[PDB]
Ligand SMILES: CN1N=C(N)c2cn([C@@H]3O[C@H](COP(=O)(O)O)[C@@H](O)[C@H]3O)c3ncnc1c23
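Single chain ahead, by itself, as structure tokens, in the form deposited without the named molecule.
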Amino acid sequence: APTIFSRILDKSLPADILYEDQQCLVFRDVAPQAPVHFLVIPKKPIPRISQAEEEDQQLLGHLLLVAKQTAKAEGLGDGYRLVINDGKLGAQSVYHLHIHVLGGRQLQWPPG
């Protein structure tokens, strides 16, 4: 069952960790799509946003607040984009919930 994020969480795969607390971990994407590209993940292994439930409300808000404070720390004041992919049509790579945060270039429209 475990995805590659389990190695990031258990620190067996070195990552550039920007923030950690008991609920979440933030690290740089190693296949970046922007000059700044990091991932915010829960420690609870929710596989996808479609499988989050009411009990996850607080955690989901926490992930968004951590995303925006990390964006400020990474100097994304002129703007950035948050992306959550669900399933195959969403292009979800890894079946552990993650928020992409992209900045440092102009992001285009549509968003894929």
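Residue numbers run from 1 along the displayed sequence.
The same protein also has a form deposited with the named molecule bound, omitted here; what follows describes it.
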item: Heavy atom of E74 within 4.5 Å of the named molecule in the deposited bound form; value: no
item: Distance check, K68 to the named molecule in the deposited bound form, heavy atom within 4.5 Å; value: no
item: Contact of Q23 with the named molecule in the deposited bound form (heavy atom, 4.5 Å); value: no
item: Partner contact for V36 in the deposited bound form: the named molecule, 4.5 angstroms, heavy atom; value: no
item: Residues in 3-41 close to the named molecule in the deposited bound form, defined by a heavy atom within 4.5 Å, in order; value: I4, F5, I8, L13, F27, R28, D29, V30, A31, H37, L39
